[PDB]
Amino acid sequence: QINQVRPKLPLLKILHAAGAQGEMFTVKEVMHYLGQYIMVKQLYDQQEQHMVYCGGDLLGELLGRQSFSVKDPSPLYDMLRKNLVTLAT
Ligand SMILES: COc1cccc([C@@H]2N=C(c3ccc(OC)cc3OC(C)C)N(C(=O)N3CCNC(=O)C3)[C@@H]2c2ccc(Cl)cc2)c1
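Sequential numbering from 23 applies to the sequence shown in the deposited numbering.
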């Protein structure tokens, strides 16, 4: 209810697969369900949780690659800006 916008359609399918329902979502509203999705699907390595391997996911089939490290916010913001539709650049 923060006058927020809609994400990319495969992101909305990943949110539905997490058990959610929606149209408009913030990065925080996405993340609540995306952390839950990655945990229930196990899209991470138990020993290196600082990486997620979405290149094998719908996020990967959309972007051609979506495997990344969570410790590096700059390339992560560049990916987010393509998967959650917004301003910038
Ligand atoms: C700005 O938007 C973000 C984008 C990417 C990452 C983050 C955040 N970084 C981590 C996280 C960080 C470190 C880590 O391990 C060292 C594990 C993490 O969780 C993933 C494995 C799900 N995320 C988590 O969900 N967490 C971190 C906090 N505690 C948890 O149990 C789960 C967030 C996340 C992950 C993926 C997405 Cl698509 C969205 C949100 C925010």
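Beta carbons are placed, not taken as given, at the ideal position from N, Cα and C, and that holds for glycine.
Please indicate yes or no: does the CB of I24 lie closer than 8 Å to some heavy atom of ligand 1? no
Ligand 1 and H38: does the residue's C-beta get closer than 8 Å to at least one heavy atom of that ligand? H38 Cβ: outside cutoff for every heavy atom of ligand 1.
Considering Cα atoms alone, identify which of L34, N25, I24 is closest to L84. Selected option, being the one with the closest Cα: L34.
CB contact flag (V52, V107, <9 Å): no
Just to confirm before moving on: does the CB-CB distance between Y59 and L31 stay below 9 Å? no
Just to check, is the beta-carbon of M53 closer than 8 Å to a non-hydrogen atom of ligand 1? yes
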